[PDB]
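Have a look at the structure below, then the notes.
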Ligand SMILES: *[C@@H]1O[C@H](CO)[C@@H](O[C@@H]2O[C@H](CO)[C@@H](O[C@@H]3O[C@H](CO[C@H]4O[C@H](CO)[C@@H](O)[C@H](O[C@H]5O[C@H](CO)[C@@H](O)[C@H](O)[C@@H]5O)[C@@H]4O)[C@@H](O)[C@H](O[C@H]4O[C@H](CO)[C@@H](O)[C@H](O)[C@@H]4O[C@@H]4O[C@H](CO)[C@@H](O)[C@H](O)[C@H]4NC(C)=O)[C@@H]3O)[C@H](O)[C@H]2NC(C)=O)[C@H](O)[C@H]1NC(C)=O
Ligand SMILES: *[C@@H]1O[C@H](CO)[C@@H](O[C@@H]2O[C@H](CO)[C@@H](O[C@@H]3O[C@H](CO[C@H]4O[C@H](CO[C@H]5O[C@H](CO)[C@@H](O)[C@H](O)[C@@H]5O)[C@@H](O)[C@H](O[C@H]5O[C@H](CO)[C@@H](O)[C@H](O)[C@@H]5O)[C@@H]4O)[C@@H](O)[C@H](O[C@H]4O[C@H](CO)[C@@H](O)[C@H](O)[C@@H]4O)[C@@H]3O)[C@H](O)[C@H]2NC(C)=O)[C@H](O)[C@H]1NC(C)=O
Ligand SMILES: *[C@@H]1O[C@H](CO)[C@@H](O[C@@H]2O[C@H](CO)[C@@H](O[C@@H]3O[C@H](CO[C@H]4O[C@H](CO)[C@@H](O)[C@H](O)[C@@H]4O)[C@@H](O)[C@H](O)[C@@H]3O)[C@H](O)[C@H]2NC(C)=O)[C@H](O)[C@H]1NC(C)=O
Ligand SMILES: *[C@@H]1O[C@H](CO)[C@@H](O[C@@H]2O[C@H](CO)[C@@H](O[C@@H]3O[C@H](CO[C@H]4O[C@H](CO)[C@@H](O)[C@H](O)[C@@H]4O)[C@@H](O)[C@H](O)[C@@H]3O)[C@H](O)[C@H]2NC(C)=O)[C@H](O)[C@H]1NC(C)=O
Ligand SMILES: *[C@@H]1O[C@H](CO)[C@@H](O[C@@H]2O[C@H](CO)[C@@H](O)[C@H](O)[C@H]2NC(C)=O)[C@H](O)[C@H]1NC(C)=O
Ligand SMILES: CC(=O)OCC[N+](C)(C)C
């Protein structure tokens, strides 16, 4: 302009570093910033001032994955070790993005919820089916595949474990425990009574107390069945309790 | 190439086009893809020969279906998503998967029939005359 | 191929003829990775700076001198600029000004500054998300022995499915780790060892199912193996079928104990090397001051 | 029923597989690069002025 | 550039452009996309450079993307239906000329490679309820169907955009089907638990018999002793689930598939 006032509005693509906080992924919010300042001119030589305390979002093409909850630009005057006599000005614009979780809930969380629910269902399946391990190991494999999936979605930074990562590890431990106990129950059902006499405490619990609250082989099967009934309730409730405690 | 309808002062009126009519050397794909896919597909024919007492016929059929699905995944990665035509090996894979699905249905029906009981099913005289006298003789059983 | 700096910042010409240049640069540089102790590995990456044009008799490098007069013979880190990496810690970053002879005709000397970024992996992410899953999967390998040696016993099915899961984990590791063949990661060696053990579990399950399903109408019972499994190992036509079943169960038990001991020893010895793979004690000052 | 379904499906599978793959194998480029143009556009067929 | 003696300058530079286009995720793979190319002078204001849509050769206001149909490289996956242009007046502001490409996805590739396999796997997941418990393959088949559908979901999740403003109708179908197969596994476990019952394990109550022997077999056309009673109940319950799962799956899938097909691109580019 004739007054000498220059307005320059160059376009740029900024691939700025941002510390992605993975703790609450996919319900997480990310504080990402852009530290801009004159490189060679110090604050006593060229002073930069923010046009407005917030970035101009009027032309912002609204993202379909992230909502900008707030944005703000703060001017700073830090002194670097290169240049101790002269502080250098910068304006750090920042954006508090929040993820829209619908895409990740559908494609990640819901299948994992289905598999975690199926983890307890094995204790309703009788041993005579010959398929309890077929169910349990297949659930284990599916959860392993989904753990593989989540590892691709998150930074490998060791700052903190994601809540979905924690949930997946918990579910994996629960699956391993369910498999171990399923194997124990199967071995109990197939337990030969001639070589393995039933101890008094196991009978007193599982035949007398728990259900009220060839025959010897059937008694071992009855114990295993009562274990199955107890374990189903525990696994189903622990699953829902764990899901609620997580969500 | 000269386009007679294009204006003399247009850029599109003239061009020189060099063409490469190239044929794929298929032996690599025959060895690595087609032969394994066909062999695994034809494995589904063993489901009928496997006894119903084995309790593995559905396992075989569904495993063949899974392998065919994996092969279809591979080829769909190697080829563009053009809707102009279905690729030949893709047509083969779809046909094979349809047949394998039909074989799973047949196997389920056969297993259901195998475990039928007079307390739960009625063996009609026509069914007996068909499947015990006539057909096994026709099939040299 | 990006030899030079990313931004051609202005130089500062101070009075007295001192010229200062401090351009920002992003550098991608060759760092040979020693994957042996992954995820507990540390990497000796290095940055080699030299004049592209002038030899050591035309341009000579020296380290900057701190305000206290101490030479900064290391990568400088400014608290107002440095952002910690969440995956790699930095332990040491010494600098050395190297000097060499020129061409074989005793050519003019050459000089370069090499900074040795000794960085260390923060393993916590990989322990939780890889190591613990692989160990839990390897635990299920031993459970197949407790499964019945009779129809409906999914011993082989379980063993092969767990082997497949460990193979999937091997595929995951092969993606995250370079194709370099100078060494095998100890985690990869553990995976291979567990896969071998799982194949031996499959073999043992097949043997147990063979022995258990043997019959006097088709097999003659070996007196040595029968007497062993009946008395010597525990103390260390229906009757014949029961004897076969008991021998199968004894074989299952003894192979379970053997496999458990072997697996535990192997896994401990493999992971023990990674635990001992601390960053070595070195005379250099820490790169990031406390 | 098993053997009947074998005798039905196996020849159908084989015939469909053979039909598809034979229809593939017989595919060849035309003897001339442009259909309807008799010229071969080949080094040996120099079309002297 | 070509400069005429009257000072008319014509410039036809080639461009390779990668514009942002908000993807209509919903009706995949029958979806149609409305992509825009926004051309404007970067610097000069509407008071300095006035943009206009190019006229037709006869001077007609032929506000369309020009396509030389004899030489245009036809895309193998997308069909161009409407291609209008509009001059946008400013709300120091700038004018914009926006070109619109209304492209319809040609769905044959995804029908064959995705939808048909999923339908086949769903059909096999249905027949799970016809497989008798004594075969010992019911958990096998149901779980393998569920896992294969989950694999297809994970694969297709990479095909669809990661944006979460809506869920693709095919993804809704896949999720509904996966829920269906999870219920199929649950009900198969229920049927197996009923089948293996015995008077040493469970004693049949009056209501269970009254329902699953009297009422349901009459509707379903169905017809050691106590073990057989549990097994007959299990078979009737298995057949009950078969028909109900047939109804739920067939109606639900058809409604979802019809909804995808109904939403054809509009006949007018500016509805
Ligand atoms: C690999 O790919 C390349 C391209 O990437 C393929 O090359 C193409 O090959 C085809 C097959 O030959 C070519 O199509 C033919 O082109 C010629 C040349 O026509 C052009 O020049 C003429 C003047 O030189 C001009 O009149 C023509 O205009 C015509 O076409 C345009 C566009 O459609 C129309 O707008 C016009 O109104 C006009 O129709 C054009 O610029 C044509 O002669 C030839 O036309 C014959 O075939 C058509 C269908 O096959 C008929 O509709 C026509 O009526 C005409 O019929 C033919 O007439 C002959 C003369 O009497 C007669 O001998 C013949 O028997 C008869 N055929 C029939 C079937 O009736 C046709 O359009 C195409 O242009 C090439 N593209 C290029 C070079 O870029 C190549 O084939 C591929 N290789 C493979 C697959 O191996
Ligand atoms: C997301 O992440 C971003 C970062 O990525 C984060 O951004 C921070 O946001 C907080 C607020 O939420 C900011 O804090 C504000 O900072 C303002 C600017 O502070 C600078 O400038 C001050 C101006 O000083 C004057 O005088 C000095 C002489 O001292 C002179 O140099 C200057 O010319 C100037 O005229 C200065 O005082 C200030 O120094 C502060 O900080 C240093 C440490 O660096 C400390 O030693 C000092 O004592 C002092 O605290 C700094 O240089 C500031 O104005 C503002 O003040 C508010 O709070 C105070 C109370 O603390 C009130 O009195 C005042 O009225 C204001 O309300 C406040 O401190 C911070 O700077 C941002 N940082 C960055 C890097 O951007 C977001 O918050 C994150 N958000 C979420 C949701 O996660
Ligand atoms: C991290 O990486 C650095 C770069 O690889 C390592 O520094 C190098 O370590 C090697 C270890 O073998 C040293 O090589 C030895 O050097 C001594 C010293 O001789 C030097 O001087 C003579 C004469 O000029 C010259 O011929 C040598 O090459 C050396 O420059 C020799 O006596 C040995 O035979 C052998 O060559 C390198 O010298 C050393 N270089 C530098 C620049 O430090 C470092 O050790 C690695 N650190 C860790 C913790 O892994
Ligand atoms: C493809 O997407 C295009 C945008 O990306 C679609 O174009 C949109 O079409 C709709 C339907 O006509 C328009 O909405 C109308 O806009 C006019 C003009 O609005 C302006 O003027 C009024 C004053 O009359 C003012 O109030 C407004 O603020 C605007 O300045 C209105 O008169 C109508 O009531 C109605 O809102 C969109 O404006 C138009 N957008 C653009 C950018 O052109 C296109 O239709 C899409 N195609 C398909 C097939 O869906
Ligand atoms: C660089 O220039 C300065 C400024 O001229 C020199 O410092 C002295 O400056 C005074 C000006 O009052 C002259 O009279 C002296 O002759 C200059 N020299 C000395 C040695 O005092 C300075 O010498 C010049 N050179 C360097 C290397 O800094
Ligand atoms: C003088 C100069 O170029 O300084 C650059 C470094 N900075 C801007 C962080 C102080």
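Protein chains in written order, with PDB author numbering: chain A, 111 to 323, 393 to 426; chain B, 200 to 340; chain C, 98 to 333, 420 to 473; chain D, 448 to 496; chain E, 108 to 198, 207 to 338, 431 to 478.
Beta carbons are placed, not taken as given, at the ideal position from N, Cα and C, and that holds for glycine.
> Which stretch, first to last residue, makes up the alpha helix (DSSP H) that contains residue 303 of chain E?
Replying inline: 284-310
> Under 7 Å from any heavy atom of ligand 6, does the C-beta of residue 149 of chain A make it?
Replying inline: yes
> Who does residue 204 of chain A pair with in a DSSP beta bridge?
Replying inline: A/143, A/182
> Measuring from the CB of residue 183 of chain E, is there a heavy atom of ligand 1 at a distance below 7 Å?
Replying inline: Checking the Cβ of residue 183 of chain E against ligand 1 gives no.
> Which residue or residues does DSSP assign as beta-bridge partners of residue 198 of chain A?
Replying inline: In DSSP, residue 198 of chain A forms no bridge with anything.
> What three-state label does DSSP hand residue 493 of chain D in the structure shown?
Replying inline: Assignment of residue 493 of chain D by DSSP, reduced to helix, strand and coil, places it in the coil class.
>> Against residue 244 of chain A, what residues of chain E qualify as contacts under a CB-to-CB distance less than 8 Å, listed in chain order?
In response: 254, 255, 258
> Is residue 112 of chain A buried or exposed, if buried means 16 or more other CB atoms sit within 10 Å of its CB?
Replying inline: Around the beta carbon of residue 112 of chain A, fewer than 16 other beta carbons sit within 10 angstroms, so the residue counts as exposed.
> Which value, in whole angstroms, describes the spacing of the CA atoms of residue 293 of chain C and residue 259 of chain C?
Replying inline: The straight-line gap separating the alpha-carbon atoms of residue 293 of chain C and residue 259 of chain C is approximately 12 Å.
> What residues in the region 147-159 of chain C bring their beta carbon closer than 8 Å to a beta carbon of chain A?
Replying inline: none
>> Please identify the residue among A/407, A/133, A/207, A/196 whose C-alpha is closest to the C-alpha of residue 264 of chain A.
In response: Nearest C-alpha to residue 264 of chain A: A/133.
> Name the residues in the region 209-226 of chain A whose C-beta lies less than 9 Å from a C-beta of chain E; which are they?
Replying inline: 209, 210, 211, 212, 213, 214, 215, 216, 217, 218, 220, 221, 224, 225
> So the beta strand (DSSP E) residue 251 of chain C belongs to, where does it begin and stop?
Replying inline: Careful: residue 251 of chain C lies outside any beta strand (DSSP E) and carries neither H nor E.
>> Any heavy atom of ligand 3 closer than 7 Å to the beta-carbon of residue 463 of chain C?
In response: yes
> How big is the Cα-Cα spacing for residue 324 of chain A and residue 135 of chain A?
Replying inline: In the structure shown, chain A runs from 323 directly to 393, leaving residue 324 of chain A without coordinates.
>> Starting from residue 277 of chain B, trace the alpha helix (DSSP H) in both directions and tell me its first and last residue.
In response: Secondary structure note for residue 277 of chain B: its alpha helix (DSSP H) is the uninterrupted segment 256-277.
>> Does residue 209 of chain C come out as helix, strand or coil in the three-state DSSP assignment?
In response: Strand.
> Which residue comes first and which comes last in the beta strand (DSSP E) that contains residue 307 of chain C?
Replying inline: First-last for residue 307 of chain C: 283-309, but that is the alpha helix (DSSP H), not the beta strand (DSSP E).
> Cα-Cα, which of E/168, E/213, E/208, E/183 is closest to residue 126 of chain E?
Replying inline: With distances taken between Cα atoms, residue 126 of chain E lies closest to E/213.
> Is there at least one Cβ from chain A nearer than 8 Å to residue 293 of chain E's Cβ?
Replying inline: yes
>> On the DSSP letters alone, give me the boundaries of the beta strand (DSSP E) that residue 196 of chain C sits inside.
In response: Taken as a continuous stretch (DSSP letters only), the beta strand (DSSP E) holding residue 196 of chain C covers 192-197.
> Closer than 8 Å, CB to CB, is residue 315 of chain B near chain D or not?
Replying inline: no
> Tell me the DSSP bridge mates of residue 189 of chain E?
Replying inline: Residue 189 of chain E is bridged to E/217.
> Hey, is residue 180 of chain E close to ligand 1, as in C-beta under 7 Å from one of its heavy atoms?
Replying inline: no
> Would you say the beta carbon of residue 184 of chain A comes nearer than 7 Å to a heavy atom of ligand 2?
Replying inline: yes
> Hey, does residue 221 of chain E have any beta-carbon neighbour from chain B nearer than 8 Å?
Replying inline: Residue 221 of chain E counts as touching chain B.
> Any beta-carbon of chain E closer than 8 Å to the one on residue 248 of chain A?
Replying inline: So, interface residue.
> Of all the residues that make up the region 275-300 of chain E, which are near chain A by a beta-carbon distance shorter than 7 Å?
Replying inline: 277, 278, 279, 280, 282, 286, 290, 293, 297, 300
> When every heavy atom of ligand 2 is checked, does at least one fall within less than 7 Å of the C-beta of residue 204 of chain A?
Replying inline: yes
>> Just verifying my parser: in three-state terms, what is the DSSP assignment at residue 142 of chain E?
In response: strand
> Starting from residue 186 of chain C and walking both ways along the beta strand (DSSP E), at which residues does that stretch end?
Replying inline: 185-189
> So does the region 304-311 of chain B actually touch the region 256-265 of chain B, counting three or more Cβ pairs closer than 8 Å?
Replying inline: Taking a cut-off of 8 Å on C-beta distances, the region 304-311 of chain B touches the region 256-265 of chain B, as three or more cross pairs fall below it.
>> For residue 266 of chain E, tell me which candidate among E/233, E/128, E/165 has the shortest Cα-Cα distance.
In response: E/233
>> I need the boundaries of the beta strand (DSSP E) containing residue 414 of chain A, first residue and last residue.
In response: Segment 394-425 is the alpha helix (DSSP H) holding residue 414 of chain A; no beta strand (DSSP E) there.
> So, is residue 432 of chain C buried or exposed, given that buried needs 16 or more other C-beta atoms within 10 angstroms?
Replying inline: buried
> If you draw a straight line from the C-alpha of residue 448 of chain D to the C-alpha of residue 238 of chain A, how long is it?
Replying inline: 28 Å
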